[PDB]
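# Residue-level structure breakdown
Listed here are the chains, written in short residue letters.
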Amino acid sequence: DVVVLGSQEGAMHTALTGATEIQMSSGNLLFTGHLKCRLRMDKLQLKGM
Amino acid sequence: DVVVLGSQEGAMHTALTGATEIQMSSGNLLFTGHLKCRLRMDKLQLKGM
Amino acid sequence: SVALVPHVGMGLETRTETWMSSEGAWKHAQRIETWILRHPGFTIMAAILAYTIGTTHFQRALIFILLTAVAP
Amino acid sequence: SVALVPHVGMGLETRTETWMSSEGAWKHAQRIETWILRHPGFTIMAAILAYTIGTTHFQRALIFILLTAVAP
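Residues numbered from 1 in each chain as written, not as in the entry; some residues may be left out. Chains lettered and ligands numbered in written order. Part of a larger assembly, values for the part shown. Heavy atoms only, no water.

For this entry, the PDB record names cryo-EM as the structure determination method and reports a resolution of 3.3 Å.

This is how it looks when you write it as structure tokens:
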């Protein structure tokens with residue numbers, strides 16, 4: 001005989017440890033990671049000089 | 001924030017790897033096990049002598 | 001979680017086929033081989049540490065197979 | 001099942017917290033601890049077989065903790 005094997009929703013919420021959650025509801029909005037920025041400041045005034 | 005974990009049903013089906021399945025949809029009918037039975041056959045003739 | 005401690009070596013054995021034999025009878029031996037062939041450098045470096053720690057070849061192979069077994 | 005291979009050593013870890021940091025960092029040690037407190041005699045036998053192999057103390061302790069950590 002054959003049987004189905006349940007729901008692995010809570011089984012895979014166990015499997016997703018160590019994996020950073022992002023927010024995919026309306027737009028694929030991540031809130032993790034970084035980026036490198038070169039910052040050129042030749043054209044900054046001082047606002048008080 | 002607080003989130004629930006989800007359905008633990010399929011993870012429970014992984015947990016039961018090594019559990020002998022019985023049925024209790026009607027009764028509690030096991031179909032596993034054994035019993036030591038001393039068979040004492042004194043008054044057992046042949047039906048045909 | 002609940003899908004670990006899988007109720008395996010707890011007596012209670014009979015002639016009847018259990019809930020998962022031939023499905024759970026080889027799940028560790030498949031996920032270990034999949035893990036090795038997708039993470040080889042820990043197996044090479046575990047062979048280096050096992051060859052280092054251990055005088056005779058039996059405990060070198062023993063420390064190798066145990067260090068390979070403990071990793072997920 | 002799929003509740004194994006728990007996505008632990010994969011790189012990718014940023015400053016942000018993961019899905020179960022502080023609830024998955026110690027579940028392995030708690031599971032092994034309650035396993036030993038439910039199954040002592042394999043740890044006694046693991047001490048005996050760990051002692052007879054390993055002609056120095058370090059690999060006796062090493063084979064002991066590995067033989068403990070392999071069995072669930």
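Text resumes after the structure shown.
## A closer look at the overall build of chain A
Where we set the bar: Under the DSSP-based scheme used, a helix requires at least four consecutive residues in state H or I and a strand at least two consecutive residues in state E, with every element numbered from the N terminus. Here the term buried applies to any residue with accessible area under 20% of the maximum for its type, exposed to any over 50%, and partly exposed to those in between, with areas from a 1.4 Å probe on protein chains only. Under this rule, positive means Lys or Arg and negative means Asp or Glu; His and the chain ends count for nothing. Note on charges: their place is set at NZ of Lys, CZ of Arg, CG of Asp or CD of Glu.
A tally of helices and strands in chain A yields one helix and two strands. Overall, chain A shows an N-to-C arrangement of helices and strands of α-β-β. Across the 49 residues in chain A, those meeting the buried criterion constitute 14%. Side chains of chain A carry 5 positive and 4 negative charges; the gap between the two charge centres is 37 Å.

## So, the overall build of chain C
Heads up, the rule is: With the radius of gyration taken over C-alpha atoms, the globule rule is written as 2.2 Å times the number of residues to the power 0.38. All accessible areas in this document rest on Shrake-Rupley with a 1.4 Å probe, and a residue is counted as covered only by the protein chains that are shown.
Helix and strand counts for chain C stand at three helices and zero strands. Element order for chain C, N to C, with α for helix and β for strand: α-α-α. Radius of gyration (C-alpha) of chain C: 16 Å, far over the 11 Å computed for a compact globule of 72 residues. Of all 72 residues assigned to chain C, the portion counted as buried reaches 28%. Surface accessibility of chain C: about 4900 Å² in total, with carbon and sulfur atoms responsible for 67%. Averaged over its 5 positive side-chain charges, chain C has a centre that lies 11 Å from the centre of its 4 negative ones.

## Examining the nonpolar core
This is how it is decided: By nonpolar core we mean a set of buried residues, namely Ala, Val, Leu, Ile, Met, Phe, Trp, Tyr and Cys, connected to one another through side-chain atoms within 4.5 Å. Should any heavy atoms of two residues lie within 4.5 Å, those residues are counted as being in contact.
Residues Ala50(C), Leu62(C), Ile63(C), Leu66(C), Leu67(C), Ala50(D), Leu62(D), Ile63(D) and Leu66(D) constitute the largest nonpolar core, which totals nine residues. Secondary structure elements with two or more residues in this core: α3 (57-70) of chain C together with α3 (57-70) of chain D. For this core, the leading source of residues is α3(C), giving four residues. Residue contacts for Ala50(C): discarding those within four places in its chain leaves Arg60(C), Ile63(C) and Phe64(C).

## Describing the packing of aromatic side chains
Residues and elements named next belong to chain C. Quick note on the threshold: Any two of the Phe, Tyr and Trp rings considered here, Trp counted by its six-membered ring, make a pair once their centres fall within 6.5 Å; the pair's planes then place it as stacked at under 30 degrees, edge-to-face at over 60, or tilted in between. Whether a charge sits over a ring depends on NZ of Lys or CZ of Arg being within 6 Å of the ring centre and within 35 degrees of the ring normal.
Applying the stated rule across the entire model yields two aromatic pairs over all chains. An angle of 70 degrees between the planes, with centres 5.9 Å apart, marks the rings of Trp 35 and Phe 42 as edge-to-face. Using a relative accessible area of 17% as the deciding quantity, one classes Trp 35 as buried. Owing to a relative accessible area of 33%, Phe 42 belongs among the partly exposed residues under this scheme. The positively charged end of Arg 60 is found above the aromatic ring belonging to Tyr 51, 4.6 Å away from the centroid.

## A closer look at a nonpolar patch on the surface
Residue and element names in this part refer to chain C. Short version of the rule: Any residue with relative accessible area above 30% and no salt bridge may belong to a patch, with like charges joined within 9 Å and the nonpolar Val, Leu, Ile, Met, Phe, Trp and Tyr side chains within 5 Å. One side-chain nitrogen of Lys or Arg within 4 Å of one carboxyl oxygen of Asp or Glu is enough to make a salt bridge.
There is a patch of nonpolar side chains on the surface, built from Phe 42, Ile 44, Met 45, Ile 48 and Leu 49 and spanning about 450 Å² of accessible area. Note that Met 45 resides in helix α2 (residues 40-52). For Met 45, a relative accessible area of 37% corresponds to the partly exposed category.

## Observations regarding unusual backbone geometry
Here the phi dihedral of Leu12(C) falls at roughly 60 degrees; this positive angle occurs in a residue that is not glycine. Relative to the helices and strands, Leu12(C) resides in the segment before α1 (27-37). Judged by its relative accessible area of 63%, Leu12(C) is exposed. Positive phi, normally seen in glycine, also occurs at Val5(D), with a value near 40 degrees. Tracing the sequence through the fold places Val5(D) in the segment before α1 (27-38).

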